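Structure first, then comments.
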Amino acid sequence: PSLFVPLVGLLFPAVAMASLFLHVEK
Amino acid sequence: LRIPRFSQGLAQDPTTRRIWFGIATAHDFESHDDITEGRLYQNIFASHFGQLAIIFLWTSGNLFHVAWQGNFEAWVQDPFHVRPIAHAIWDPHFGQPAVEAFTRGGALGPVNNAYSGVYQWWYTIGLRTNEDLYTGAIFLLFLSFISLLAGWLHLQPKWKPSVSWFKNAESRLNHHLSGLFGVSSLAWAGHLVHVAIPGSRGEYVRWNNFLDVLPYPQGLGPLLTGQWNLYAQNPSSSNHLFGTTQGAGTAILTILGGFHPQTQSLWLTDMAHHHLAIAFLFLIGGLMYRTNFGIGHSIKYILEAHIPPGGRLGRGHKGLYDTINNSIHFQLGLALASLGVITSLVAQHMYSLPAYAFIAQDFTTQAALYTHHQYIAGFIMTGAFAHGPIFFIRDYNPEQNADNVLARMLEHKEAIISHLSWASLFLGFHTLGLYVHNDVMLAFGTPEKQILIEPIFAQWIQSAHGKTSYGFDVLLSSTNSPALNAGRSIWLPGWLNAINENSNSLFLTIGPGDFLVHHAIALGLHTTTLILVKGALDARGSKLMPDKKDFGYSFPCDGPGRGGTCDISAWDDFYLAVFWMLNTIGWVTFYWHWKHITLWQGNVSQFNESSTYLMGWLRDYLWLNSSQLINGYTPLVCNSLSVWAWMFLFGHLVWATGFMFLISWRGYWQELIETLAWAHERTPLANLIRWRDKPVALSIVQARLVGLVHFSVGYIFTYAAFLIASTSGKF
Amino acid sequence: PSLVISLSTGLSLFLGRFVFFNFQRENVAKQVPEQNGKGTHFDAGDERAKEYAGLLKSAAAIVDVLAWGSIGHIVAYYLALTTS
Amino acid sequence: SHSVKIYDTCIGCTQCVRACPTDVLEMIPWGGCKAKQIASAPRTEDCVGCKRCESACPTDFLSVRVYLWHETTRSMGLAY
Amino acid sequence: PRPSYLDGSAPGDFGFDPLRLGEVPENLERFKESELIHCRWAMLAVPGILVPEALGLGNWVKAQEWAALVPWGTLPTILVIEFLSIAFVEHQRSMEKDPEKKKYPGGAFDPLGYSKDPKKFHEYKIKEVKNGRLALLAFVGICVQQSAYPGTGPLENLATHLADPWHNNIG
Amino acid sequence: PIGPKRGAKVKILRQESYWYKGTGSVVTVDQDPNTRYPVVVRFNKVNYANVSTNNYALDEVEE
Amino acid sequence: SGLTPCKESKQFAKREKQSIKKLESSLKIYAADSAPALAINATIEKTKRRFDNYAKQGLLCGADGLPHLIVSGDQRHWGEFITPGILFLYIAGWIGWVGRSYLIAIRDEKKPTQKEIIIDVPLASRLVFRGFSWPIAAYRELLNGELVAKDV
Ligand code: CLA
Ligand code: CLA
Ligand code: CLA
Ligand code: CLA
Ligand code: CLA
Ligand SMILES: CC1=C[C@H](O)CC(C)(C)[C@@H]1/C=C/C(C)=C/C=C/C(C)=C/C=C/C=C(C)/C=C/C=C(C)/C=C/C1=C(C)C[C@H](O)CC1(C)C
Ligand SMILES: CC1=C(/C=C/C(C)=C/C=C/C(C)=C\C=C\C=C(C)\C=C\C=C(C)\C=C\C2=C(C)CCCC2(C)C)C(C)(C)CCC1
Ligand SMILES: CC1=C(C/C=C(\C)CCC[C@H](C)CCC[C@H](C)CCCC(C)C)C(=O)c2ccccc2C1=O
């Protein structure tokens, strides 16, 4: 339960940092 | 073309400077491309709904975790001997001794001990079960949504308001006073008499039975008839058990004053009465200014009419109405100023007059909350003094403000600044002087030669409040006067009982040690104000730079010409004041915490003697309370204070890192990077990869910021780690 | 007793209508109502309100009624509450 | 790029030009002062914004003013 | 010397305005009106507080303690009456046409016609002020004295009793 | 020949000058109508740039 | 003023005894007749003397056993602040007035800054004593103690 979510709270930075990187270099 | 889209001049920067500055200017709407007054106002109005959405979501989560991972129910049944739980801990890096030490409060796993005081707050208002907490979380989640819905709604053309609508101040005041302040206070008094008070006494009044349960034996009649004393006939007994129908009266509105003896908190009946009382002033007051019905005032005209003849204020406040309403920086600086003042008023009144049950005994929570709000109040004050200069530079019209009170400040600015300098220089020369002097003799082993000025003026105030200590014979503690007898029982007997309590923080005993520190704080206030107003009054220009008006609030400098012009912008003056602000609040929080942890240990004697000289502070306060903290993790063991020991060192590291950006400056780093740019180009297997943004050293202003951020973060985190651990360890 | 209410509400209405009516109106003329810019209503399309203000009576609008009376009730409750 | 302006309060001492290392300024025939010259800022594109020109100006407050605006490679002083 | 505006022709004008309070004309006329009224209430009152004391009533202070604890012998009753009436008169007196009737309403207020006279009306004025200023001063004297809570008259009696008692004061 | 004498003391009215409300001695005053700012002025105190003189506009008071 | 005077103090009295015993502990290793001996004993009499004097002059002494000064203005304790304060302002003004008087005399003619770094002008003609009567600067105030250049 609570051992599934803090990692998606770390999948999210991976996703966010990747998307933002594409946004800022465009 | 690129980020930032709101700034084309920024977006065409070939260097890494664009990414940084694109972030630091996102909320500065007035500097954005093709900005209009219309776009400005409903960007803020929409950003306003966004902030509300965050607050409600943030508060929803708090109600959620406490209901899901916090005992609360276990806490309710024995508020004295159980530790509140903030939330559970889940960290893969945790070793087994870690999971061990952090398992507390009767939890199945490692949790964090809440020091926000949400347990006492929620319990006092009438929350008794986890189910109640969930319904609140759902309701806040729903409130968080409709805030976004409204934000989206008014961004739509068919619902967007005109700027003039925003500038109708007369009606926004009338509603905010009468509705936002008055009604909400009135509605709260309803929750108190329907749920909080009966929930306190012992009955569970909720949505499925609140309709059928009288808040008072007698009907709603007595209110409408006129005789309202009937709401105070049967108050709660002094020996009353909270959450127990023992010695519980019937009255829903009183003025008893003092504290509920078991909880050490203010009476709920006093509060239900308080909000009801203040609601009216707000309600009537919100009907002062004119709207659409033909009666009311005009703010402008009142400002116009206030001109003292025969000088000496000039045109008084004429045209001042339009200067404020057309400038939202003035409004914000005016708002932060007022909010900042009462933010401290919260801190001062919430440790002296605890509002929630069983909060006074939670010493770690009491220290945290005070220290919390004082730093919050601190930063807010620096913001009120920051939007001040911005008003002068960006929105100030000298001609439209010809010879009025505002324009008279700039024409004798050298007077205000110099006397602030004097007052600061005066306080500093002696407060430091008296301290150092006292340390000398204790070094020389002669503490009887000290200068220990008795705060006799303040002690005169204390006796004037009801304290029978000292021989002063003043009001509320004297032999014949209109003041005390005006008590007419009611508040006085319950309150005079509370002031001469040697346990509570309600008017502590003060002496020579309290004298020196109060001057230190006075020194901190004056100096900080000196820096901030000097930045404001010289924002439009000085003699070293008469056209500073033409460069904006924040610019690096004006060059090395004319002797040198480093840190000459009004922004930098703010940035310099943030340092002094941290120092001031630092002295305030040091003074509050030390005097309390000595009181809580039943040893105020140590404070009264060690606070008169600075070595006492560093040793008996700093050194002495660090032992349990710095042994959070030992080369032998590992405690529950290991988090704070790590954060303590963490705070030191961030703090010292800021020093780099504050001492070392750009030209060194830029030349260093240029060598690294050459390197990357001439290194095989790495040539294939190239950067899309030119590597450059951080800007002159950026570094001052970045350095200040590090300095401030480490400042807070270090003391936070110490404030909690040292207090939690001993309790 | 309800009587206290009416007597005070009663006097107030009497005062506003006869005794203090001229002064009130006099101040309002020299005062309202909003500025910008100038005059409000130009933008912020709100904006009187002429009808309710309209009173076939030799003077006193309805608003006045609500306005004068309210003060009266407050006083009445003020006194009524106070004795107890 | 950077924004530079010249003011009629100038006296044509030509020191702002000699100070510039990128050649952003130059002298101009004018009837306003005894020198009958005046500074000019034609090549603002090559301006780095170092304000060397300002530290050579003898006029009570500067006749030449540099207003740091949008950044470019030339203004950033980059050689890479 | 003498201030520029204080001519001397004015009733009761002796050249006193050290803070230049009446330098502005339209408010000097405002203050002059304010003076008599303060003067008129006061003159009426001092006798009010002395004779009753003379008959015997524990001074004006104790005179007022009755409310604290026919016809309308109740504080509520009297208050409304004092209220509504003192309101009727006044905020009617406002007229603000010819300096509150030149500050001297006359007419029905001069049933015996002392206003008709030319020079007597003016000498009557200067007399009225001076007496009035005298009261105002007395009232203050009474207030300061009564602030100890005994008697305006009895005070006289006490000093009269002996010139030995001494005020000292701060002093 | 124009407004200010050769040895007359003069008060500055520029607002942007180091000597904004101060006084100063005049060196001379060129007579070319073309000249925007003649009226050269000496000062006892230098400014942040170590110059003691500056040329001013015709608008100033004397003393 | 919960403090009870240094005379009827048990703490302030105890503090005296504590300090002299420690000093006495030190002379035991030097043998009387020796130098470090008097120096210790001379320190002890000064200790007794200062404790003795403080009780004489009043001085209230808190619970901690140390004298607390009262600056309320109380006539009983004027010597604790007001009288030394009056003495300070006297000298403080005197210095202020003499210094001001100097820079004024220098300004006309000469190279004024020459006199500031070097003052081979001592008290000028005779400027120091002028401070003996500085307070008469109140009369300088009614005339031209201030320049009228900026504001009033
Ligand atoms: C009601 C509150 C309020 C509002 C609505 C505003 C609004 C505004 N402010 Mg103001 N300000 C406020 C309060 C407020 N302020 C207070 C209380 C202070 C005192 C510090 C200031 C000090 C201040 C300054 C000095 C400036 C403004 C500026 C501005 C304008 C642009 C800000 C911007 O987008 O840059 C972007 C903001 C950011 C990118 C913030 C990120 C950086 C901070 C340090 C992050 C927080 C710290 C850190 C990340 C914490 C991490 C720690 C971690 C280890 C846990 C905007 C109108 C600027 C302005 O007016 O332009 C001329 C400006 O220079 N404000
Ligand atoms: C390097 C060692 C290390 C690491 C990697 C961690 C990692 C973590 N700790 Mg542990 N901890 C450590 C050392 C460490 N800790 C030590 C030595 C101690 C003392 C013994 C502790 C004591 C401790 C406690 C008591 C707790 C943790 C918790 C956590 C978890 C945080 C939950 C979370 O991610 O929510 C989200 C992450 C954040 C909110 C961090 C945001 C802060 C950033 C920097 C500022 C905001 C960035 C901004 C938005 C910019 C946007 C960019 C972005 C979108 C990419 C995380 C797994 C907590 C936990 O278990 O979670 C339930 C918990 O309560 N730690
Ligand atoms: C009854 C009518 C009414 C009401 C209830 C409101 C209410 C509000 N308006 Mg609106 N407004 C109105 C009419 C009204 N307005 C009219 C007629 C106009 C113009 C024609 C406007 C134009 C307007 C604008 C332009 C804005 C608002 C905004 C707001 C919000 C203010 C921000 C906030 O939430 O803090 C509310 C503060 C409180 C509820 C308490 C007052 C503050 C005290 C000092 C706090 C202390 C209380 C207590 C001691 C502490 C308790 C703490 C404890 C509970 C933990 C608030 C919801 C702003 C917004 O959009 O929201 C973000 C804003 O931008 N209004
Ligand atoms: C404590 C604060 C602090 C720190 C950490 C540094 C660090 C550094 N300085 Mg600095 N300096 C400081 C204060 C500090 N300085 C002050 C106050 C001054 C004024 C004199 C200077 C003046 C100065 C000069 C003149 C120079 C430096 C240089 C350097 C760098 C040397 C190279 C290096 O060791 O890289 C390694 C980095 C570290 C050892 C920092 C800690 C690394 C952490 C522990 C590991 C990473 C953590 C983790 C992965 C982050 C991910 C977490 C995620 C959430 C983000 C290094 C970054 C030099 C330089 O430029 O490099 C040659 C240099 O020329 N400094
Ligand atoms: C109408 C004017 C007036 C009169 C007739 C009196 C009379 C008296 N006063 Mg009062 N007094 C007055 C005004 C007056 N006072 C004012 C305005 C104050 C406020 C400062 C005081 C404060 C005061 C105190 C504290 C005391 C008296 C006391 C007394 C009584 C004798 C002792 C004494 O006077 O000490 C001297 C007091 C003063 C000199 C105050 C100045 C009053 C002025 C100068 C007197 C009126 C001026 C005028 C020219 C008088 C000429 C006489 C004529 C008016 C009849 C005596 C009945 C004493 C008492 O209680 O005895 C039992 C008492 O100790 N008075
Ligand atoms: C106008 C007219 C006209 C018409 O037609 C007709 C007729 C009616 C006639 C008329 C008139 C009327 C009148 C006259 C009125 C008046 C009043 C007065 C004057 C009073 C007194 C007034 C005045 C006064 C009181 C004065 C007073 C005095 C005093 C106080 C003093 C006192 C005292 C004493 C003893 C002592 C004590 O220890 C204290 C004191 C206190 C100090
Ligand atoms: C009594 C007392 C007290 C109090 C005090 C006070 C509170 C006061 C005050 C005060 C004040 C509030 C003052 C003021 C002022 C002002 C001004 C305006 C100034 C001036 C000045 C000057 C001008 C000077 C000059 C000079 C001289 C003469 C000397 C030298 C210097 C010179 C040269 C600088 C206490 C109780 C504390 C203590 C005890 C005693
Ligand atoms: C070190 C240093 C640099 C070099 C600093 C650089 C190049 C900053 C680059 C930092 C790297 C990219 C790592 C920083 C990572 C941060 C945690 C950023 C997180 C991402 C977002 C939160 C923004 C300067 O340019 C400078 C300029 C003026 C005065 C002092 C200094 C100075 O001290």
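Our numbering is plain: 1 for the first residue shown, then up by one each step along the chain.
When the header is checked for method, it gives X-ray crystallography, 3.0 Å.
Backbone N, Cα and C define each Cβ position, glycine as well.
Now, the feature entries from Swiss-Prot:
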type	residues	note
BINDING	D:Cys10, D:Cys13, D:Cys16, D:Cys57	[4Fe-4S] cluster 1 binding site
BINDING	D:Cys20, D:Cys47, D:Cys50, D:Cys53	[4Fe-4S] cluster 2 binding site
DOMAIN	D:1-30	domain '4Fe-4S ferredoxin-type 1'
DOMAIN	D:38-67	domain '4Fe-4S ferredoxin-type 2'
Among D:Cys20, D:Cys47, D:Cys50, D:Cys53, which are recorded as binding-site residues, the nearest neighbour of D:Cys13 ([4Fe-4S] cluster 1 binding site) by Cα: D:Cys53
Whole-number Å value for how far D:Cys10 ([4Fe-4S] cluster 1 binding site) lies from D:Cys53 ([4Fe-4S] cluster 2 binding site) (Cα to Cα): 13
Nearest-integer angstrom distance between the alpha carbons (Cα) of D:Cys47 ([4Fe-4S] cluster 2 binding site) and D:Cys16 ([4Fe-4S] cluster 1 binding site): 13
Distance from D:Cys20 ([4Fe-4S] cluster 2 binding site) back to D:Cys10 ([4Fe-4S] cluster 1 binding site), taken between C-alpha atoms, in Å: 17
Non-site residues, in chain order, whose CB comes within 8 A of the mean position of the CB atoms of D:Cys10, D:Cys13, D:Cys16, D:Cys57 at [4Fe-4S] cluster 1: D:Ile11, D:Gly12, D:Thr14, D:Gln15, D:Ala39, D:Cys53, D:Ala56, D:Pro58, D:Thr59, D:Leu62, D:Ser63, D:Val64
Largest tally of Cβ atoms lying within 10 Å of a Cβ, found at which of the binding-site residues D:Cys47, D:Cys53: D:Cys53
Close in space, distant in sequence - D:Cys57 ([4Fe-4S] cluster 1 binding site), Cβ under 8 Å, 6 or more apart: D:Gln15, D:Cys16, D:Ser63, D:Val64
Binding-site residues (D:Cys13, D:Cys16, D:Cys50), the one with most neighbouring Cβ atoms at 10 Å: D:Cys16
Structural state census, the domain '4Fe-4S ferredoxin-type 1' (D:1-30) (DSSP three-state): 5 helix, 8 strand, 17 coil
Sparsest Cβ surroundings (other CB atoms within 10 Å) among the binding-site residues D:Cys10, D:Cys20: D:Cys20
Shell list ([4Fe-4S] cluster 2; ref centroid = CB of D:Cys20, D:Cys47, D:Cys50, D:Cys53; cutoff 8 A): D:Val4, D:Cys16, D:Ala19, D:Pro21, D:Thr22, D:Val24, D:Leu25, D:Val48, D:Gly49, D:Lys51, D:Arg52, D:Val66
